[PDB]
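Take a look at the structure set out below.
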Amino acid sequence: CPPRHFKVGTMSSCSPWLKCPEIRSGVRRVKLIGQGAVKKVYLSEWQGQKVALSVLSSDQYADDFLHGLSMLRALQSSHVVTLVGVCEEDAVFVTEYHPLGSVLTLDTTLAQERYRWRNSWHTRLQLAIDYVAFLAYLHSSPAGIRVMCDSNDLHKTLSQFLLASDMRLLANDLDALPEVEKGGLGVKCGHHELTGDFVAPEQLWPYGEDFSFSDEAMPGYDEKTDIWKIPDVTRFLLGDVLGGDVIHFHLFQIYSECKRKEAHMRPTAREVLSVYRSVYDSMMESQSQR
Ligand SMILES: CC(=O)N[C@H]1[C@H](O[C@H]2[C@H](O)[C@@H](CO)O[C@@H](O[C@H]3[C@H](O)[C@H](O)[C@@H](Oc4ccc5c(C)cc(=O)oc5c4)O[C@@H]3CO)[C@@H]2NC(C)=O)O[C@H](CO)[C@H](O)[C@@H]1O
Ligand SMILES: Nc1ncnc2c1ncn2[C@@H]1O[C@H](COP(=O)(O)OP(=O)(O)O)[C@@H](O)[C@H]1O
Ligand SMILES: [Mg+2]
Ligand SMILES: [Mg+2]
């Protein structure tokens, strides 16, 4: 489609984005398909087409919603969910409906043996490629370097991605996308203290027991925090599929670079993605001659 047109479902042609008037009328609410702190998502109908309708849950988080919509329009690409309509005045927008839900429910989807054949390594590794391909485009976005902040644990990280009906990974929940400027200082992912090993080590309070947490005193980090969580996401996406034991071997060294304690030594998302594509191709040639 042209830049701001869309063709979803059984559409024969692309339509320009729906604006506030047609959304209030032509978009009818059906079934809630997703909750969240920032949003409520309803499966909906617009002109015989199934669609996704995201509303602002609580007025408390109006700013997060509007910027997530601001970034959603800014980063419409092959790596992000397809936008359908925008009406920020009503704090609401419309995107393409993906019936497989989030990639959080991946193993349940591949359990359905209408999707058993796709429970292969070339599908799961492609999803990981799409994941790193998104992160590569994120850190080099037209809106400057951006950081996927809403990713403190593994499951919340997966909840921000969708599974298109052809086993492709798409980003969706872009409410928290700060920009890393080339000036310095960096960014922070929230106004409260983060903990755990799933977040990057620089995302932790570095002062210990004597100094209690304080938002102004947190130094600040960059996009390498996304590199940090790539193996844990990659480990989930491959699961234990036939062949993934060989793939993790090939990716061990690039796994070990993403998990470096010093962030400036971690590989860029384009460095990670290139290894992922080359391993995919190598095992595609290894399978061919058998
Ligand atoms: C309100 C605010 O602080 N927005 C800033 C924003 O913050 C993000 C933050 O970047 C990340 C920290 O990782 O976390 C966001 O909140 C998460 C939270 O981490 C958990 O995953 C989870 O928490 C809840 C809490 C309540 C509910 C409710 C009742 C209902 C429900 O169904 O789910 C939850 C889950 O989910 C939230 C959101 O996904 C935090 N965002 C929010 C809305 O709190 O970061 C940007 C730039 O990064 C600015 O700092 C914002 O000001
Ligand atoms: N287009 C969509 N198609 C199908 N499922 C969706 C779509 N958008 C959201 N979902 C579901 O809504 C959930 C919450 O979406 P999200 O953007 O992350 O809300 P929030 O910002 O409140 O956390 C997703 O994890 C997912 O299950
Ligand atoms: Mg979410
Ligand atoms: Mg959100």
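Just so we're aligned, residue 53 is where the sequence shown starts under UniProt numbering, counting upward by one.
Note that the Cβ used here is the ideal one computed from N, Cα and C, for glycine as well.
- prompt: What is the chain-ordered set of residues for which the beta carbon lies under 6 Å from any non-hydrogen atom of ligand 1?
  reply: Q87, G88, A89, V90, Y113, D116, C201, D202, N204, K208, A228, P230, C241, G242, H243
Margin query: Between the alpha carbons of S129 and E323, how many angstroms are there, rounded?
Written below: On the sequence shown, position 77 is the one that residue 129 refers to. On the sequence shown, position 271 is the one that residue 323 refers to. About 20 Å.
Problem set entry | Backbone CA spacing between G100 and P253 [nearest angstrom] | Counted from its first residue, the sequence shown places residue 100 at position 48. Counted from its first residue, the sequence shown places residue 253 at position 201. If you take the alpha carbons of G100 and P253, they lie about 49 Å apart.
Return yes when the C-beta of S211 is under 6 Å from any heavy atom of ligand 3, and no when it is not. Locating residue 211 in the sequence shown gives position 159, where the first residue counts as 1. True, at least one ligand heavy atom lies under 6 Å from that Cβ.
In three-state DSSP terms, what is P73?
Here residue 73 corresponds to residue number 21 of the sequence shown, with the count starting at 1. Reduced to three states, the DSSP call for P73 is helix.
* To do: Tell me, to the nearest whole angstrom, how far the beta carbon of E231 is from that of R198; I am working on the premise that it is less than 8 Å.
  => As a first step, residue 231 must be located in the sequence shown, where it is residue number 179. As a first step, residue 198 must be located in the sequence shown, where it is residue number 146. The Cβ separation is near 6 Å, so the contact holds.
* To do: Could you pull out every residue in the same chain whose Cβ sits closer than 8 Å to the Cβ of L124, ignoring the five residues on either side in sequence?
  => Stepping through the sequence shown from its first residue, residue 124 is reached at position 72. The residues are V132, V133, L135, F145, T147, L226.
*asked:* For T286, which residues in the same chain have their Cβ closer than 6 Å to its Cβ, ignoring the five residues on either side in sequence?
replied: Taking the sequence shown and counting its residues from 1, one reaches residue 286 at position 234. The answer, listed in chain order, is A180.
message: Quick check: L210 and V251, are their CB atoms within less than 7 Å of each other?
response: Against the sequence shown, residue 210 aligns to sequence position 158. Against the sequence shown, residue 251 aligns to sequence position 199. The answer is no: Cβ separation not under 7 Å.
Legend entry - Backbone secondary structure at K102 - three-state DSSP: Position 50 of the sequence shown, counting from 1, holds the residue named residue 102. Looking at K102 - three-state DSSP - the assignment turns out to be strand.
Any chance the CB of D292 is under 6 Å from a heavy atom of ligand 4? On the sequence shown, residue 292 is found 240 positions in, with the first residue counted as 1. Incorrect: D292 has no Cβ contact closer than 6 Å to ligand 4.
Take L105 as the anchor and find which of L118, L127, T277, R80 has the nearest alpha-carbon. Taking the first residue of the sequence shown as 1, we reach residue 105 at position 53. When only C-alpha atoms are compared, the closest one is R80.
Point to revise | Integer-rounded CB distance, given that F304 should sit under 8 Å from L206 | key: Position 154 of the sequence shown, counting from 1, holds the residue named residue 206. Position 252 of the sequence shown, counting from 1, holds the residue named residue 304. Going by Cβ atoms, the distance from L206 to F304 rounds to 20 Å, so no, they are not a contact pair.
>> In the DSSP output, which residue or residues are listed as bridge partners for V93?
In response: Looking up residue 93 in the sequence shown gives position 41. Per DSSP, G86, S106.
task: Name the one or two DSSP bridge partners that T147 has.
output: For the purposes of this step, residue 147 is identified with residue 95 of the sequence shown, where counting begins at 1. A104, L135, per the DSSP bridge assignment.
- Segments of 4+ residues assigned as alpha helix (DSSP H) that fall wholly inside the region 249–325: 276–280, 282–290, 296–302, 304–310
Helix, strand or coil: which one does DSSP assign to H174? For this step, residue 174 is matched to residue 122 along the sequence shown. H174 falls in the helix class under three-state DSSP.
In the DSSP assignment, what residue or residues form a beta bridge with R220? Taking the first residue of the sequence shown as position 1, residue 220 is located at position 168. Answer is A216.
Taking the alpha carbon of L118 as the point to measure from, which residue in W98, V90, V103 has its own alpha carbon closest? Here residue 118 corresponds to residue number 66 of the sequence shown, with the count starting at 1. Of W98, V90, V103, the residue nearest in Cα terms is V90.
Discussion item. One question on the structure: do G120 and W69 come within less than 7 Å of each other, judged by their Cβ atoms?
Written reply: Locating residue 120 in the sequence shown gives position 68, counting from the first residue. Locating residue 69 in the sequence shown gives position 17, counting from the first residue. Cβ atoms of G120 and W69: not closer than 7 Å.
* Below 7 Å between beta carbons: does that hold for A143 and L108? -> On the sequence shown, position 91 is the one that residue 143 refers to. On the sequence shown, position 56 is the one that residue 108 refers to. Yes. Within cutoff.
To which residues of the same chain is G296 closer than 6 Å at the C-beta, ignoring the five residues directly before and after it? Position 244 of the sequence shown holds residue 296. Around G296: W173, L290.
- How about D225: is its Cβ closer than 6 Å to a heavy atom in ligand 4? Taking the first residue of the sequence shown as position 1, residue 225 is located at position 173. Yes; taking the cut-off as 6 Å, the Cβ of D225 has a heavy atom of ligand 4 nearer than that.
**Report entry** Beta-carbon proximity of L237 to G272, cut-off 7 Å
**Finding:** As a position in the sequence shown, residue 237 is number 185, starting the count at 1. As a position in the sequence shown, residue 272 is number 220, starting the count at 1. Yes.
**Report entry** Heavy atom of ligand 2 within 6 Å of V184 beta-carbon
**Finding:** The residue labelled residue 184 in the question sits at position 132 within the sequence shown. No, Cβ of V184 sits at least 6 Å from all heavy atoms of ligand 2.
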